[PDB]
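This report concerns only the one structure given below.
Here is the naming used below: chain letters follow the sequence lines, and residue numbers restart at 1 for every chain.
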Amino acid sequence: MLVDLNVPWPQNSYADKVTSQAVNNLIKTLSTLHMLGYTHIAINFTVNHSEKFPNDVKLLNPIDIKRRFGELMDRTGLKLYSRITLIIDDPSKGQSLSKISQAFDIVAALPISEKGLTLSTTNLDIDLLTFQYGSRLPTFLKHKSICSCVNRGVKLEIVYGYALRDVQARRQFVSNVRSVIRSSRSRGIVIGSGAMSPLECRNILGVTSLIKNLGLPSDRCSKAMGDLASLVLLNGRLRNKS
Amino acid sequence: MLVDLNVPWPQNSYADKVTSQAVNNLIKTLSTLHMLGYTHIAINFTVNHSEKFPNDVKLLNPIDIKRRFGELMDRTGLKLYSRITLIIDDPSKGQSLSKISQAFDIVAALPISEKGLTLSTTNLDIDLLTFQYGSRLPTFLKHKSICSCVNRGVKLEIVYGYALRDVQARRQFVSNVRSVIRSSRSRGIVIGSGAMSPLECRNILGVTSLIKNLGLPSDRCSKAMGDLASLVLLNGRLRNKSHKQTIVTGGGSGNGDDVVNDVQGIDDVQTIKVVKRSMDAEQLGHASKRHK
Amino acid sequence: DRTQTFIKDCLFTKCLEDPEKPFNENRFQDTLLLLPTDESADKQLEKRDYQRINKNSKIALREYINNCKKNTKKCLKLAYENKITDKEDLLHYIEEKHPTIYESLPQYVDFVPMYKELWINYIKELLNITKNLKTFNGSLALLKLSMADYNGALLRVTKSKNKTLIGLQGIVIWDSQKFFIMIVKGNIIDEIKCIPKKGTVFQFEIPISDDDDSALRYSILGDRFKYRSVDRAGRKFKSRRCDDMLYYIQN
Amino acid sequence: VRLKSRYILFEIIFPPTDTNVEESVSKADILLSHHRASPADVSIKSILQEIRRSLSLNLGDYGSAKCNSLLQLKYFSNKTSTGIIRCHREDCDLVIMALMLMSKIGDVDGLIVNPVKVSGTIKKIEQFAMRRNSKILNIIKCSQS
Amino acid sequence: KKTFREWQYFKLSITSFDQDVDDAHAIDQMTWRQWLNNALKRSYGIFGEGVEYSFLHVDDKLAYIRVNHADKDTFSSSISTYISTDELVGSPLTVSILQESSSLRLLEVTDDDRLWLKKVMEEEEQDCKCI
RNA sequence: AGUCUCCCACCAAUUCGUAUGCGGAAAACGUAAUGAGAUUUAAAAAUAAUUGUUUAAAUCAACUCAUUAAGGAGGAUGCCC
RNA sequence: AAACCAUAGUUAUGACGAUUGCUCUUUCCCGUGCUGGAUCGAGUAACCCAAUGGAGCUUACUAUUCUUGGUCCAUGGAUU
Ligand SMILES: [Mg+2]
């Protein structure tokens, strides 16, 4: 079975209210993912580390899959999960994870600076590490931090969707994904599709061939993608339940 | 030991007269090849088979190795050989190879058709079989023919120096080279550089990288450039200089005066070798005991 | 002949799946054959005499080689024990003290002057070695040498696969098909040398002393010396591989 | 020693990119809205030229030269949008990546290229295509109720 | 219980056969990078441009470029193919691969740039093996 | 792999009713003892298949051809005894 | 109108990862030595590929482009 863990939600801030057109486009792209052939879908929602978190538990997730996607779930026959990434820049405006870990299922991070990587590798109860593949990487991906964050269980997430946006960022995305493959030494590599339009989603064969030509062996792609996505879903569900 | 057997000469037909700029560029490229490092260089002279061949002997070889190349070799330190490529398309009646093979050292071919290819593989006494990497292949090359020809003699030549000419030519060059390597079973492969100027020359490592990217292993490339090149030189030297491999006019006493190595000593206008007396009957047979 | 062809095409479209193939690959024979598939006495005398002489000479050569091989060992051991280094001393000693063992040993001192000059004169007159050297022909001389007879010739091993066979000079007594027979001399060495031809290079020098001191530098190759014509020409030659000559270029 | 070929089966799927029109959520409805039809301006030399352009633009010069030696479209018809391209076994992954990186046709926009089955024989490809066509009819018959 | 190949060094050198033009025109470090990018873009597409490489010990027509072990062939095949035309000098430039090394043990001169590079990669080799 | 050979229905017999050195259903099949032979030969070359070289031609080794029917009993010789 | 049948079956036998074993060379150890152990490396080849099944024969293979056993009135060195 295949798993997608990087479907973005059309909303950045909390003051940002959703639009019916955005929900329709999300329905279209999820239907297209299910059409190409998928079993597990995990929509992602982006938020800034500088923004104020709400003093709520019943309002942390502006998704509510049961009321919106609960009909698609039992009609077309797939599942949806909650995932949130953290755009972290510097050690400020934070120090809260025990309340965001109970609401959502998967917690990710987006470090963009020097101290961001150190703080992500130090004391963040995260599962996936995501980089800005569109633009340049912060400094340099080294083994001293990547090895240490992979040996504990945190994997590196690769977005093959950012490549299909324009023509110029393709070079940067390739130069960044190959650096990540060279630094991670091809053990903890999970892949996701960060596309918001139904025109930028592909199948397993094309993605496998792309990641194989980009530097990952055919065993690593399959095994990592499948089993690691299943395992991160499992541990997320377990930490959500208990 | 590195051998380059495909240095082109700036002339195609005998009606042409080569200017001094071309021979000076050839001198510069020979010096360039000697600078980085090389051992044997054999220049090529391409001509067509259909037109009439001049009925002469002392005018068929417009190379003059002794006058200019003999003047530069004492400063350079290597040897030069003359090679001719017979580009044959249709079996015309003009055929007097008994003179061109004896006047030149190595005789190669460049077929365009299938009948010409078959007759050059079976009956024509040649040394190397070159294909037009600029043009497309005549037809689908078979395995048994190439293998029997390699076991019989003539091997195939890959010219990596042509890929530096144009932009669209590289695709056809690769498509021909891969097919030749697949059909030849990677046995009789000799590599050459068809560069007319020192600007398109490379090092041995660049050649190794290009060929290993094409599909042939590196150790086999080194083997074919070291021993298969010396053997294909020896074949073309002995079939002309000597008889049909029975009696050789060259006597190797040590390790430097060899039929392919010793070129300034062996006379060419004739085949004699005037050497002072060094073997009489009163000397002791055992070389370890024989002392002067 | 269109209609019956169309009918058999309709006949093949029932059995076969592509009816138009047997005609293109030429599998439908228009014809099939029905036939069951279908002064002598002295000559005999001299032929018997020649066969007998050959069969006797072979055994005689074998026994001569064996006798020489044993006598060299015996005489060398006796000389080493006898406190004798020089050849002129050992020869006279075994002459006075070993009469029989001396009739079997050879004498290279007489093997040199008869053989060498009678071969040199013949080769000089054959190759037309003249006071002037402007009347030569290389290819024709090579053909003659390939056709020439090398019985009673002096040859030197200049290159070989074995590092020990090189540098040996000797006058031949018989030309075999696999081994090469010569005789070599030293201070106490009188060895009959049997040398392999597979992987060796020989050479023979012809002295020319008209006014100056000159000599022709010729050479032969054993590997391809076995498939040559003898005493005549007109034999179909084959290109072998021209590949097992790597030792020539290697060293 | 033996020329090993490998055919790739690909399909053109048109996503219902229309946010002003709400869509029905089921299996056969989305199967029909994704398998509607191919446009009239669809041919074999028009898809081969497009994929060659895409391959030369994404891989490069040698990357296109090594794959364009035995790159041919054997069977394709615009009625169902299923094509079979022939290629080598060495560059098959490159051809699959080129099919994935196919952006759009010169005149037609908004389409996805999906590689379904890849194998080294045409008989098994035809068998799998027949099996897929038979499977497609099942959900249709079930939803027509 | 094995070794992971981080990258491989490549000893490059621009070799143009014209001293009258070489002594006149100068070559800096940005020229090398521009030539590499142009070669990658002319011989390959984005696949060739996405090659990871840095510059170490840049000199007059001498440079040392580290390339990953995975794309050593892609690097060495594009290096031996491209020839500069109208980049910075009217005379075309080409590069010749002097030698290759995968263990940092290579011999040019008695300088210490190799030495401080070795310092950094020592305190990083022990770090990568320990972590 | 190879333009080689043969089995893949029977036939108390115009159907190789072939007890023929041994094994074997057959084989243009394996091997054993002895003698001889080289376009002057039974036959290989310088007037059915296969192999780039394609048996030998001092001795050995390799090829070809020409002889030796199975089992039991008596005598002689050689070896441990 | 079928007789449709392979401990591969119609020219398919793919992609890499890991482990053991073999050849030589680099070093250490007990007791000279041991199908001895442990690192530092390379190599695991070439000939070539089925299309119904079995046997015989011949012809291609193994040079830093893996190996093994024996023989030689072949030569080279040393002792008796
Ligand atoms: Mg077959």
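When the P atom is used for both F/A43 and F/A12, the distance is 46 Å, rounded to whole Å. For the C1' atoms, the distance linking G/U39 with G/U27 amounts to 9 Å, nearest Å. Taking atom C1' in both F/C6 and G/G54, one finds a spacing of 11 Å when rounded to whole Å. A distance of about 28 Å separates the P atoms of G/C48 and G/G9, rounded to the whole Å. When the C1' atom is compared between F/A26 and F/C7, the two are found 7 Å apart, to the nearest whole Å. Spacing between F/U3 and F/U50 at atom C1', rounded to whole Å, works out to 10 Å.
In summary, of the residues considered (C/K198, C/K161, C/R224), a salt bridge (charged side-chain N to carboxylate O under 4.0 Å, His left out) with C/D244 occurs for C/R224 alone.
Using a 4.0 Å heavy-atom criterion, one finds that C/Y80 contacts the sugar-phosphate atoms exclusively. Counting any heavy atom pair closer than 4.0 Å across all strands shown, D/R2 reaches a base atom.
Both conditions, centre separation below 5.5 angstrom and plane angle below 30 degrees, do not jointly hold for the six-membered rings of F/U15 and F/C16. Judged by ring centres closer than 5.5 Å and planes tilted by less than 30°, the bases of G/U65 and G/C66 are not stacked on each other. Under a stacking criterion requiring six-membered ring centres under 5.5 Å apart and planes under 30°, the adjacent bases G/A51 and G/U52 are classed as not stacked. Neighbouring residues G/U25 and G/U26 fail the stacking criterion, which requires the centres of their six-membered base rings to lie under 5.5 Å apart and the ring planes to differ by under 30°. The six-membered rings of F/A58 and its strand neighbour F/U59 lie with centres under 5.5 Å apart and planes within less than 30°, so the two bases count as stacked.
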Note, RNA chain G 5' to 3' with Watson-Crick or G-U pairs under 3.5 Å encoded as ( ), [ ], | and . gives .....................((...(((......)))...)).........|.||........................
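Remark: aromatic rings of C/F202 and C/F180 are close, center separation under 6.0 Å.
Classification of F/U59 as anti follows from a glycosidic angle more than 90° from 0.
Residue-to-nucleotide contacts include no donor-acceptor pair under 3.5 Å from the side chain of C/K238 to the base of F/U54.
Contact check on C/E191 versus C/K73 returns no salt bridge, with no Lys/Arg side-chain nitrogen under 4.0 Å from an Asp/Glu carboxylate oxygen.
Of the two residues contacting RNA chain G, namely B/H286 and A/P217, the nearest-nucleotide position lying further toward the 5' end is that of A/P217. If you find the closest nucleotide of RNA chain F to C/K58 and to C/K236, the one lying nearer the 5' end belongs to C/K236. Both B/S288 and D/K4 sit near RNA chain G, but only D/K4 has its closest nucleotide nearer the 5' end. Residues C/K226 and C/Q51 both approach RNA chain F. Their nearest nucleotides, taken by heavy-atom distance, put C/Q51 toward the 5′ side.
Closest of all the heavy-atom pairs between B/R290 and B/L284 is NE-O, 2.6 Å.
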Using the side chain to side chain donor-acceptor pair (under 3.5 Å) rule, take C/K159 and C/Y247 through it: C-alpha gap first, then chi angles, then the decisive distance, then the call.
CA-CA 8 Å; C/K159 289 182 178 182; C/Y247 69 102; over 6 Å; no
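With sequence neighbours excluded, no residue forms a side-chain contact (heavy atoms from CB on, under 4.5 Å) with C/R62. With sequence neighbours excluded, the residues forming a side-chain contact (heavy atoms from CB on, under 4.5 Å) with C/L16 are C/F12, C/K21, C/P22, listed by chain and number.
Across the protein-nucleic acid pair, A/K212 atom NZ and G/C16 atom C1' stand 9 Å apart, rounded to whole Å.
Stacking between C/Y50 and F/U40 is shown: the ring centroid lies under 5.5 Å from the centre of the six-membered base ring, and the planes differ by under 30°.
In a base pair of the Watson-Crick type (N1 to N3 plus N6-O4 or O6-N4) or a G-U wobble (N1-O2 and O6-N3), with each distance short of 3.5 Å, F/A13 is matched with no nucleotide.
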